[PDB]
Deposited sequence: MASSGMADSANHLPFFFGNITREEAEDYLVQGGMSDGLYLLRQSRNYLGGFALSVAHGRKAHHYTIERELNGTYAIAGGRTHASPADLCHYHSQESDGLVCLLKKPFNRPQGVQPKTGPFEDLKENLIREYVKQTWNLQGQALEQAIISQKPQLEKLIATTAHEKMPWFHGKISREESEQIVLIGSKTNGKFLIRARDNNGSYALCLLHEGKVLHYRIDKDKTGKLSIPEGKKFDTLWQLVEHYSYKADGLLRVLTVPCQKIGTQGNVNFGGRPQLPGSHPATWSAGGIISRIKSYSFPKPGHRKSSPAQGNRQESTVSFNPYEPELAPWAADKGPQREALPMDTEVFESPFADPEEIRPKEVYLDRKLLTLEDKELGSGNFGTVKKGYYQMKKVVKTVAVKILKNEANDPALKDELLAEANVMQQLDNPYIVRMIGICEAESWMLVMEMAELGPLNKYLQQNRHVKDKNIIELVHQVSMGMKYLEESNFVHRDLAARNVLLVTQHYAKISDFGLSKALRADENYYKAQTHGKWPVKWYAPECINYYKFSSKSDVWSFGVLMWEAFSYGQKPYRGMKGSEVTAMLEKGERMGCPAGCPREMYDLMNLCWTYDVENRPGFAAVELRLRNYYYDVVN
């Protein structure tokens, strides 16, 4: 807890924190503390310097201590702030003057805020019937979109809404049990937007009227206007305004979201569907379209249809080149295909199985919008926040591959395929290894020692992030491979793309760590990306 700190604001947005620093005059070293927007019990420090706001995630360590970017440990966020008032230790400047919560503003950390994580979890379970890893993977990518969604749900299902209870009933229900100050409920006074807010204050029930104006807005007499009871409760849980005190505990009574697609879950998630007993698929159940979707170094891709029990599944089929028919390649191709088929995550193009027919055929999930680099080059109106969402999903798919001890070897924007504008999937994982086989995407140890690992996939991910933020431009423009190797040895790197956030360019640079040992793994990359994504996207 940090509620005792007068400059601690709780769970506010990054923009609200910047608005407060502007309110405080934007002087160099002016700062405030807030809660990390990730449900991980961390904090965020917002500092003014050179007329810009600088934000840093404070992570809670396993032993209950706190640190920024794997840096030094601090006993508490107050102690971290004190240390940073004398030594920068990586921050833009020293912490000079705190911006205290204005008069009448309490930390945004009450029971209303606490309910959010479980509400989003319950919303995914109910809306999409997701469980286990599919459920956790939905939440991690879509937390900001899901928080916006739960705010629009009907007030009647909220724990603080008691419906058509009378004034006398509300009085008795607010008084039963422990007399927690701020204990409250909302009841309907009629069926035309008239409500009452009953609040416990030093053992007495206060009955406030909530009325709907001609413009459809809700308010208490002379109070701030709100479009919903959700917004009204959120506000009053940290700014009492016209109330005697804040609300606390409720009284006891092409643009689709990833989960809205048929490829979010595995085609075999339905227990009545027949999962193939091995890597092989029945060619008799597969139909290909005449026209190709494209081609590459390993084969041609066509749209296809795979006959299953309940439905016909639209698939993408990669028909491998004649070179893959060589008997010398067979065992490793089949061995890699088996391992590809084991992989199951929403952020990868799942490899359904293989057909040994006229040619070797890899049957995959369909990602109809095609590759990320070509999509961004054709759709330059795609916002920076949408690119962050897409690259974060790639870091999730890669975290899963790393956990599965699977090295991609060709991670690049051409190998990130879009199901929707808000749903990316990693494709062609392990294909270059399967076919016994791009230098601009290779880590220095790959070109020098042929050492491919999850760490060299991290390096590739940095180049991919650069491609994404550059709207599908080519990396190291016009340079030969030898010039790229020499430039990297000098410690030089590609520049920050136009409009690319500074935290995203710092993450690229971290992926481009020369030394393999010091380069982060995908767990660290995904978490750093997730923290930034959750702080900027509201």
**OP:** Go through the deposited sequence from residue 1 and tell me which stretches lack C-alpha coordinates, in order.
**Re:** 1-8, 262-337, 522-534
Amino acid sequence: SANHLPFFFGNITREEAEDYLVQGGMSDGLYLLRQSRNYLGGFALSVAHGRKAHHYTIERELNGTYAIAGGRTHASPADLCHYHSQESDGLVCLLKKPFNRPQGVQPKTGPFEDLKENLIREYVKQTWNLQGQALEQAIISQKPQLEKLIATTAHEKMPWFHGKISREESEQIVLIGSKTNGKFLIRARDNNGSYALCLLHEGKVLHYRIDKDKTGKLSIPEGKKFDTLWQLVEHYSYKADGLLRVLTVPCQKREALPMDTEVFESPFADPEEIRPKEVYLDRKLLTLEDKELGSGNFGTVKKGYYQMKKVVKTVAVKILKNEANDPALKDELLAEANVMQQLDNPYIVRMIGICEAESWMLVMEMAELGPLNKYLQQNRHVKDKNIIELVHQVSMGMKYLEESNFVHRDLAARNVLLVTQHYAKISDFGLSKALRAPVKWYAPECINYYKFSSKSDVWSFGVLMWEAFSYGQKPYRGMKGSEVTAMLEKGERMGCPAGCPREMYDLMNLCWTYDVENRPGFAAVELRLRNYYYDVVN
From here on, numbers count along this sequence of modelled residues.
Subject >> Entry-level comparison of average CA B-factors, 6-14 and 20-28, reporting the higher stretch >> reply: 20-28
Subject >> Entry-level comparison of average CA B-factors, 231-239 and 122-130, reporting the higher stretch >> reply: 122-130
Original post:
Highest Cα B-factor in the PDB entry belongs to which of 380, 399, 101, 275?
Top reply: 275
Original post:
Which has the highest CA B-factor per the PDB entry: 117, 457, 344, 292?
Top reply: 292
Subject >> Within-chain third of residue 177 by Cα B-factor, per the entry >> reply: middle
**OP:** Looking at the entry's B-factor column for C-alpha atoms only, identify whether residue 470 ranks in the lowest, middle or highest third of its chain.
**Re:** lowest
Subject >> CA B-factor placement of residue 409, once the chain's modelled residues are sorted into thirds >> reply: middle
Original post:
Within this chain, which third does the Cα B-factor at residue 523 fall in: lowest, middle or highest?
Top reply: middle
**OP:** Check where residue 350 lands among this chain's C-alpha B-factors and tell me if it's the lowest, middle or highest third.
**Re:** lowest
